[PDB]
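Chemist: Could you have a look at this structure, given as structure tokens, before my questions?
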Amino acid sequence: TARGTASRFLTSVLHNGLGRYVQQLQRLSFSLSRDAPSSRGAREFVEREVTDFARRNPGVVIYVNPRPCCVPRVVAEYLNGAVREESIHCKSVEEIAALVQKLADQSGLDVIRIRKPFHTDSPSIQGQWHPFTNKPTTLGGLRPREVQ
Amino acid sequence: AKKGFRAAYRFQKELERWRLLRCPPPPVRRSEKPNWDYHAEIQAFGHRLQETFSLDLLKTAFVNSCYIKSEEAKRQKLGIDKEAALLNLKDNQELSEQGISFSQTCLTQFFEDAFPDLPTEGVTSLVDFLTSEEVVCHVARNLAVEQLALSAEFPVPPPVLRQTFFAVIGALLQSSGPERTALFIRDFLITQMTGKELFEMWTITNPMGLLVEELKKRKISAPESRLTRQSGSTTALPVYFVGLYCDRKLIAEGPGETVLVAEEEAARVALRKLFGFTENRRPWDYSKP
Amino acid sequence: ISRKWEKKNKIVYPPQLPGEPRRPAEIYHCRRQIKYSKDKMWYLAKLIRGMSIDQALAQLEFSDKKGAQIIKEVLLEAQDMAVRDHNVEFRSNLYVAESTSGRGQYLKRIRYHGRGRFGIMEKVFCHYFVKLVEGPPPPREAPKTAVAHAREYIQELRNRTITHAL
Amino acid sequence: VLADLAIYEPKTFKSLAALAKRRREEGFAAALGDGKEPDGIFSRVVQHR
Amino acid sequence: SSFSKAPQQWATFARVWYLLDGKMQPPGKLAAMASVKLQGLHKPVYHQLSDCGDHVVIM
Amino acid sequence: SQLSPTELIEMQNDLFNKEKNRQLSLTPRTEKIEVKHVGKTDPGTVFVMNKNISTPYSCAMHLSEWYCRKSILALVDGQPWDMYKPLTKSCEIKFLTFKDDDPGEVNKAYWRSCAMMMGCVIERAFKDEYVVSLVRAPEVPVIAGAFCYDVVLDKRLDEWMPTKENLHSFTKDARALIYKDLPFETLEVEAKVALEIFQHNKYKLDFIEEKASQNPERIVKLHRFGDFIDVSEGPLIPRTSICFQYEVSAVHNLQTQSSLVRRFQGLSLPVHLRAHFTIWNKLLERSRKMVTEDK
Amino acid sequence: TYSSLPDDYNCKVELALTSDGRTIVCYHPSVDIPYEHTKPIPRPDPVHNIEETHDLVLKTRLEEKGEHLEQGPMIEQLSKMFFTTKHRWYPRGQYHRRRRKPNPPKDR
Ligand SMILES: [Mg+2]
Ligand SMILES: [Mg+2]
Ligand SMILES: [Mg+2]
């Protein structure tokens, strides 16, 4: 719920996409088991896809660890300092691929309610309404009952 | 008793979470953590910024004095022979100096070209601001420079980080032309100027005086403060709008709680019109000439 | 049961680098399983919070509650502990950081009624905790002046934003 | 969008209001006029190209 | 348009004092505009959780 | 010598700090002196203290806050000691209170302190243009209805006597002085470095000269609180906060052949002894009359 | 020489229709406030706190202002200042002070 959780305004990290676009995902770490069935998809993914993925994204460093684990995870890590954990446990090659893509294209900002869909510095070009902006000025600048 | 591993293990995780909540562990270098290959990291830095560096020059750029002196502490305390290979390290001092000098020059030129009416004191203030401790550290740490930098004391105190950022700039200046580096500077520094004011970063304390001097320079005479709009004078929350007039034309105008505050505002506004630092002003150009 | 408060006195800090401000002493002390009620105890323990130790001793000295003398004894014990075991000059230099009442383990008894009904009665016990800190007592906060309220209100009006506005 | 203009673009909004007022007056003019010949400048209906 | 932040915000949410003559007016039609101006419903910046409302002086 | 009002303050305070740090450096170590307690109350009590560091106030703190608040003056052997004056050798200590049976010593001290306060209040209450020379604090008995301070003023100021407004201003400033709680600090000095502090006040230098003249070793007794320094006879009360009711009553012009000297009379009472509003008004009425004992 | 709205205030507004018909253009330059419509800045500065005899006493006379009231009357005065009802000025319990966010989000 919205009163329940935290919230943030819509932002970019380091004004991304203004001057130039910087892919925010920094590194990607897989942990899987050569033996265990739970990791099956994750193995296939490492065989076929990882290689190609690594060419498609030169800027992300990908660490693959075979180790004896029951639950294969992928740890995304971002320029933001943000660390996002995921479980590739018991998924297809297809599913993992889609997941790794989501990770690739995310900002690394926290996922919470976003208060409003737009963010503007200087929304106000040509003025910002104030009580006097549409009022006519009088002669001498007298108040309503003021006499001179 | 209940028979199973599962809930017990799963609870061991909760125990660890609470342990980390009540005593937070002091922040550790990304280098001393499980997945690290320094080389691959460096290459990725370069590729992700869409730049081309000499790996020798960059690896040089992330080296600091402190890292070397601490390395000499570890060298001298264990009785090891390092000196040749360790003093071969070629620190980043040089690169950082070229970097800061060029960046200040570059920036200064950018502003001078964009705001012809900015007094030299102003453009100086601006370059000072975008080269500041705060801004540069923020940007550097968000580009994973703090990640790669070799230094004692992991939080990497701000002067070291400024050093290291501009070190990378200089490394770029050697690796590629002043053109390329000018683009990098206008992308990762000048953008921190987005949304900001003039007098947010300039800090000048007497707007009226400065205005009068600038109008002497423009051969205009005597700004006269003339009260324009007001609501409640007797209230605890009055509003004044003071206008500034030169030969009965209105140059600029401002709001405030007090007539003095407002007069000062009208001054700041006038200044902002004269100098062409304004809200309506043309947004910066990001383009490929 | 849980005995924690005691062990708080067994903590050892790392020595102070010269130039750093001198760390004020802290003495934790308590009395377990007093025959007072927990609540009646609370009033007392509340009274003496933030008082300099001598002031608290004076106040307790003249109260008529049964708990008054218990608390007083605990305070004297804590004072002597502070000068003897921890290193504190000026046994008058302590103020009461924390004073509180926890509940103990209760005995359970019968209370006879009439028409052969009974209530179930509880012989009550309680704990008294205290923590003494070396120094003068921290200053009691004055209520907000008209100036303070006015500043806050003004600041609030100034925090306003055009809402749902862009 | 209209509300946001009203707040953050008081000029453009006064324009829109000027337009609307003009179009209305044009409408009354045409209804009172009782003829097909006049087409007010702003009462003309454009088709897509 | 170019103001500092504080004076800008102050100008926008500023209170205003309206004067309304009552002579030979139905108290209802009076109370209508009085009501609008009290709630600050004449301000494009209106919201129910902003304090905005203006003083009205009826004579 | 061309000097601002703040520069005199600065020089005097820096001289005082120099001297105090010299006295500090004179004692090489932490030396242990054994103080005994001759008080009627907790007999046989022995304090083991740091020589030229520990004070009889720091002594009371081993007993209870009660001494700390109730004890104005500390009798060491047969002599009155100021509560913050560091103990020199091993000795015996007794504490002295306002409600004690033979308070006279304390009373004197209290009076002196108040006088000195007024002195400060006066010196800084006049425009920079004029010249305010504090003279001395003539020692009156306390049966005399007030305490007083002698002050000479700039020659162009010689015609006016103050208005209840101005007097009430002096009082307001004295109360301002009480509010912030300043310890009275003491130092023993040699006349050579004593005269260098005061300088520009002639009368001060004369006073110092006589005061040092009656003592074989040329010792002058200095007291200071906040930024204000003055020479005085005998010990003072520990804190400024000790005063509750305070008044600057009235001034009286008294003239020698060689000088025109204003005598400021004021009246005060400590929190411990504070007197009812009516009683206070009567005492205040008597404190308006000229009080003369210089000898 | 016709506009639907008076040019007294805000902007002078010009409404044109492109010869094509498919675009409306509006020219609206700001309207500045005429000199004759303004009144001179009120200037009030007076210092009587000065006593001719003692002026460091005079500079201490401006520092001589302060006062203290009770809860109730303080609140009445406060609520007369800002034209509020009395209620706003009373405190709030532990429970409400504790749920105010420590660090609220910031826009702009
Ligand atoms: Mg029976
Ligand atoms: Mg029950
Ligand atoms: Mg029960």
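Residue numbers (the deposited numbering), protein chains in the order written: chain Bg, 2 to 149; chain Bh, 31 to 319; chain BW, 45 to 210; chain BU, 101 to 149; chain BN, 2 to 60; chain Bc, 30 to 324; chain Bf, 35 to 142.
Using N, Cα and C, we set each Cβ at its ideal position, and we do this for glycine too.
So is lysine 89 of chain Bh buried or exposed if we call it buried at 16+ other beta carbons inside 10 Å?
Modeler: For this step, residue 89 of chain Bh is matched to residue 59 along the second sequence. Looking at its Cβ environment, which holds 16 or more other Cβ atoms inside 10 Å, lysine 89 of chain Bh is buried.
Chemist: For a test of the three-state rule: what should DSSP assign to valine 81 of chain Bf, helix, strand or coil?
Modeler: Along the seventh sequence, one-based indexing puts residue 81 of chain Bf at 47. Coil at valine 81 of chain Bf, not helix or strand.
Chemist: Are the C-beta of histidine 71 of chain Bf and some C-beta of chain Bg separated by less than 8 Å?
Modeler: Mapped onto the seventh sequence, residue 71 of chain Bf falls at position 37. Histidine 71 of chain Bf counts as touching chain Bg.
Chemist: By a C-beta neighbour count over all protein chains shown, 10 Å radius and 16 as the cutoff for buried, is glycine 148 of chain Bc buried or exposed?
Modeler: Looking up residue 148 of chain Bc in the sixth sequence gives position 119. The residue is buried, with at least 16 neighbouring Cβ atoms inside 10 Å.
Chemist: Drop a sphere of 10 angstroms on the beta-carbon of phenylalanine 10 of chain Bg, count the other beta-carbons inside from all chains shown, and report buried for 16 or more, exposed for fewer.
Modeler: Taking the first sequence and counting its residues from 1, the one referred to as residue 10 of chain Bg is at position 9. Exposed, by the Cβ-count rule.
Chemist: Rounded to the nearest angstrom, what separates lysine 311 of chain Bc and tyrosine 139 of chain Bc at their Cα positions?
Modeler: Within the sixth sequence, the letter at position 282 stands for residue 311 of chain Bc. Within the sixth sequence, the letter at position 110 stands for residue 139 of chain Bc. In a straight line, the C-alpha of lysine 311 of chain Bc is about 20 Å away from that of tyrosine 139 of chain Bc.
Chemist: Contact criterion: CB-CB distance below 8 Å. Does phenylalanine 10 of chain Bg meet it with respect to chain BW?
Modeler: Here the question's residue 10 of chain Bg lines up with position 9 in the first sequence. Chain BW, which has no Cβ nearer than 8 Å to the Cβ of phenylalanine 10 of chain Bg, makes this no.
Chemist: So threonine 150 of chain Bh and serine 133 of chain Bh are in contact, right, with Cβ under 8 Å, and what is the actual spacing, rounded?
Modeler: Along the second sequence, one-based indexing puts residue 150 of chain Bh at 120. Along the second sequence, one-based indexing puts residue 133 of chain Bh at 103. Their Cβ separation, rounded to whole angstroms, is 18 Å, which puts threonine 150 of chain Bh and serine 133 of chain Bh out of contact at 8 Å.
Chemist: Run down chain Bh in chain order and give the residues with a C-beta less than 9 Å from the C-beta of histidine 90 of chain Bg.
Modeler: Numbered from 1 along the first sequence, position 89 holds the residue referred to as residue 90 of chain Bg. The contacting residues do not exist; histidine 90 of chain Bg stays about 15 Å from chain Bh at best.
Chemist: Just to confirm the assignment: which complete alpha helix (DSSP H) runs, minimum length 4, are found wholly within the region 52-119 of chain Bh?
Modeler: 68-78, 85-91, 95-107 and 113-117, all fully within the region 52-119 of chain Bh.
Chemist: Using only the heavy atoms of ligand 3, determine whether one of them is closer than 7 Å to the beta carbon of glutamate 166 of chain BW.
Modeler: Here residue 166 of chain BW refers to the residue found at position 122 when the third sequence is read from its first residue. Correct: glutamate 166 of chain BW has its Cβ closer than 7 Å to ligand 3.
Chemist: Does the CB of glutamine 26 of chain BN have a neighbour CB from chain Bg at under 8 Å?
Modeler: Here the question's residue 26 of chain BN lines up with position 25 in the fifth sequence. Not closer than 8 Å to any Cβ of chain Bg, the Cβ of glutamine 26 of chain BN fails to qualify, so no.
Chemist: Whose C-beta lies closer than 8 Å to the C-beta of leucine 104 of chain Bg among residues of the same chain, with five residues either side of it excluded?
Modeler: Along the first sequence, read from residue 1 onward, the residue named residue 104 of chain Bg stands at position 103. Answer for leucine 104 of chain Bg: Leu26, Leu29, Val75, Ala77, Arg85 and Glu87, listed in chain order.
Chemist: Could you confirm whether any beta carbon from chain Bf is found closer than 8 Å to the beta carbon of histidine 208 of chain BW?
Modeler: For the purposes of this step, residue 208 of chain BW is taken as residue 164 along the third sequence, with counting starting at 1. So no, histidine 208 of chain BW is outside the interface.
Chemist: Of all Cβ atoms in chain Bh, is any one closer than 8 Å to the Cβ of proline 76 of chain Bf?
Modeler: The residue given as residue 76 of chain Bf occupies position 42 in the seventh sequence. Chain Bh, which has a Cβ nearer than 8 Å to the Cβ of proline 76 of chain Bf, makes this yes.
Chemist: Which of helix, strand or coil does DSSP assign to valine 75 of chain Bc?
Modeler: Sequence index remark: in the sixth sequence, residue 75 of chain Bc carries index 46 (1-based). Three-state DSSP puts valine 75 of chain Bc in a strand.
Chemist: Is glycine 127 of chain Bf near ligand 1, in the sense that its beta carbon is under 7 Å from a heavy atom of that ligand?
Modeler: Position 93 of the seventh sequence, counted from the start, is the residue given in the question as residue 127 of chain Bf. No, Cβ of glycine 127 of chain Bf sits at least 7 Å from all heavy atoms of ligand 1.
Chemist: Can you tell me which residues form a DSSP beta bridge with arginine 292 of chain Bc?
Modeler: Mapped onto the sixth sequence, residue 292 of chain Bc falls at position 263. In DSSP, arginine 292 of chain Bc forms a bridge with Bc/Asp179 and Bc/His281.
Chemist: Which runs of the alpha helix (DSSP H) at least 4 residues long sit entirely within the region 71-123 of chain Bf? Give them in chain order.
Modeler: The region 71-123 of chain Bf contains these whole alpha helix (DSSP H) runs: 105-115.
Chemist: Which partner residues of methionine 165 of chain BW appear in the DSSP bridge assignment?
Modeler: As a working note, residue 165 of chain BW is residue 121 in the third sequence. According to DSSP, which records beta bridges pairwise, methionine 165 of chain BW is partnered with BW/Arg153.
Chemist: Cβ of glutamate 244 of chain Bh less than 8 Å from any chain BN Cβ?
Modeler: Locating residue 244 of chain Bh in the second sequence gives position 214, counting from the first residue. No, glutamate 244 of chain Bh lies away from the interface with chain BN (no Cβ there is under 8 Å from its Cβ).
Chemist: Please classify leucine 301 of chain Bh: is it buried, with 16 or more other beta-carbons within 10 angstroms of its beta-carbon, or exposed?
Modeler: Along the second sequence, one-based indexing puts residue 301 of chain Bh at 271. With 16 or more other Cβ atoms within 10 Å, it is buried.
Chemist: Is DSSP giving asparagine 131 of chain BW helix, strand or coil here?
Modeler: In the third sequence, counting from the first residue as 1, residue 131 of chain BW sits at position 87. Coil at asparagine 131 of chain BW, not helix or strand.
Chemist: Which partner residues of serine 162 of chain Bc appear in the DSSP bridge assignment?
Modeler: Here residue 162 of chain Bc is taken as the residue at index 133 of the sixth sequence, counted from 1. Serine 162 of chain Bc pairs with Bc/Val181.
Chemist: Of all Cβ atoms in chain Bf, is any one closer than 8 Å to the Cβ of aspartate 130 of chain Bc?
Modeler: For this step, residue 130 of chain Bc is matched to residue 101 along the sixth sequence. False, the Cβ-Cβ gap to chain Bf never drops below 8 Å.
Chemist: Ligand 1 and residue 22 of chain BW: does any heavy atom of the ligand fall closer than 7 Å to the residue's C-beta?
Modeler: Absent from the structure is residue 22 of chain BW, since the part of chain BW shown begins at 45 and ends at 210.
Chemist: Of all the beta strand (DSSP E) runs that stay within the bounds of the region 38-76 of chain Bg, which reach a length of 3 or more residues?
Modeler: 62-67, all fully within the region 38-76 of chain Bg.
Chemist: According to the neighbour-count rule (16 or more other Cβ atoms, all chains shown, within 10 Å of its Cβ), is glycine 200 of chain Bh buried or exposed?
Modeler: The residue labelled residue 200 of chain Bh in the question sits at position 170 within the second sequence. Buried, since its Cβ has 16 or more Cβ neighbours within 10 Å.
Chemist: Is the separation between the beta-carbon of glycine 174 of chain Bc and that of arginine 291 of chain Bc shorter than 8 Å?
Modeler: As a first step, residue 174 of chain Bc is located in the sixth sequence; it is residue number 145 there, counting from the start. As a first step, residue 291 of chain Bc is located in the sixth sequence; it is residue number 262 there, counting from the start. Result no, Cβ atoms of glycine 174 of chain Bc and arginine 291 of chain Bc do not sit closer than 8 Å.
Chemist: Any heavy atom of ligand 5 closer than 7 Å to the CB of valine 320 of chain Bc?
Modeler: Ligand 5 is absent from the structure shown, which contains only ligand 1, ligand 2 and ligand 3.
Chemist: Alpha carbons only, please: which of BW/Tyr150, BW/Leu210, BW/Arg195 and BW/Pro182 is nearest the one belonging to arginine 93 of chain BW?
Modeler: Along the third sequence, one-based indexing puts residue 93 of chain BW at 49. The candidate whose alpha carbon is nearest that of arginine 93 of chain BW is BW/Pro182.
Chemist: Just to confirm, are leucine 125 of chain Bc and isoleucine 151 of chain Bc a CB contact at a threshold of 8 Å?
Modeler: For the purposes of this step, residue 125 of chain Bc is taken as residue 96 along the sixth sequence, with counting starting at 1. For the purposes of this step, residue 151 of chain Bc is taken as residue 122 along the sixth sequence, with counting starting at 1. Contact flag unset, no.
Chemist: Among Bh/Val157, Bh/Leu304 and Bh/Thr194, which has the Cα closest to the Cα of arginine 171 of chain Bh?
Modeler: The sequence position of residue 171 of chain Bh within the second sequence is 141, counting from 1. When each option's Cα is compared against that of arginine 171 of chain Bh, the closest is Bh/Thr194.
Chemist: Count the other C-beta atoms from every protein chain shown that fall within 10 angstroms of the C-beta of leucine 296 of chain Bc, then say buried if there are 16 or more, exposed otherwise.
Modeler: Here residue 296 of chain Bc corresponds to residue number 267 of the sixth sequence, with the count starting at 1. With 16 or more other Cβ atoms within 10 Å, it is buried.
Chemist: If contacts are defined as beta-carbon pairs under 8 Å, then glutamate 121 of chain Bc and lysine 65 of chain Bc qualify, I think. What distance do you get, rounded to the angstrom?
Modeler: Counted from its first residue, the sixth sequence places residue 121 of chain Bc at position 92. Counted from its first residue, the sixth sequence places residue 65 of chain Bc at position 36. Correct: roughly 4 Å between the Cβ atoms.
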